Amino acid sequence: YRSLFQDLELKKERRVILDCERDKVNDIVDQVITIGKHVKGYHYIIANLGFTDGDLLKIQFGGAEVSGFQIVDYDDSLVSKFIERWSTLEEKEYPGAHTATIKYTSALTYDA
Amino acid sequence: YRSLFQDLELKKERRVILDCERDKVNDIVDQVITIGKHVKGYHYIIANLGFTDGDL
């Protein structure tokens, strides 16, 4: 990645569209924080439905502008009453349930 | 720290001398990485004998 972003800085791209899984999103996000090129001037677009599924806090204050797509609108009460039931589940019996967030893949599984 | 470094960026200090324990060094280092102001132009001086003891 240090080879990769310097090759991006051979042309000095301030406009990056990532398209990865939320693991490989957060891998490359940590690589951006490694090189530190998340200051203002850069722009980042994440191309999955899990915009909320990433590490938003770690580059919330980094400087660059991050815009993405989220299908799981947490503002809806129909979504919220699910989260009122989802977050109160047992985390040991249901792994990944007790968190107030949820993957969109888990949301589409429940919708299926 | 986000309040603190912005107060440093009220005067825009590119020259910072830290003086902390290696825990509190690595705490503030992670705060510099949080605000991202560890790009070229800034300078940092660590004022303990444990230069190698930090997160280099």
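For this deposited structure, the header cites cryo-EM as the method used and 4.4 Å as the resolution.

Named according to the PDB entry, chain B is Chimera of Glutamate receptor 2, Germ cell-specific gene 1-like protein originating from Rattus norvegicus.

As annotated in the PDB entry, chain A carries the name Chimera of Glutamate receptor 2, Germ cell-specific gene 1-like protein and comes from Rattus norvegicus.

**Overview of the side chain of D53 of chain A**
Residues and elements named next belong to chain A. In this structure, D53 sits in the loop between β2 (43-46) and β3 (65-68). For the buried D53, no salt bridge is present, and the opposite-charge side chain at shortest range is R22, 4.8 Å distant. A polar contact is formed between the side chain of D53 and the backbone nitrogen of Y104, at a distance of 3.4 Å.

**Digging into the pairing of strand β2 (residues 43-46) of chain B**
Residue and element names in this part refer to chain B. Across four bridges, strand β1 (residues 15-18) lies against β2 in parallel orientation. Residue pairing for β2: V16 is matched across the bridge by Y44. In this fold, the crossover linking β1 to β2 by way of helix α2 (residues 22-35) has right-handed handedness.

**Overview of the interface of chain A and chain B**
Counting residues at the interface gives seven residues for chain A, matched by seven residues for chain B. Where chain A abuts chain B, roughly 510 Å² becomes buried across the two surfaces, and 60% of that area is made up of carbon and sulfur atoms. Where chain A touches chain B, the interface holds zero salt bridges. Along the lines of polarity and charge, the residues of the side of chain A that touches chain B split into three nonpolar, three polar and one charged.

Parameters at a glance
- Residues numbered from 1 in each chain as written, not as in the entry; some residues may be left out.
- Chains lettered and ligands numbered in written order.
- Part of a larger assembly, values for the part shown.
- Heavy atoms only, no water.
- Helix = DSSP H or I, 4+ residues; strand = E, 2+ residues; numbered from the N terminus.
- Buried < 20%, exposed > 50% of the residue type's maximum accessible area, 1.4 Å probe, protein only.
- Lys, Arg positive; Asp, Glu negative; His and termini not counted.
- Salt bridge = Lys/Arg side-chain N within 4 Å of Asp/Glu carboxyl O.
- Polar contact = N/O pair within 3.5 Å; in protein donor to acceptor, adjacent residues only side chain to side chain.
- Pairing = 2+ DSSP bridges.
- Right-handed = clockwise from strand over helix to strand, strands pointing away.
- Contact = heavy atoms within 4.5 Å.
- Buried area = accessible area lost by both parts, 1.4 Å probe.
- Nonpolar A, V, L, I, M, F, W, Y, C, P; charged D, E, K, R; others polar.

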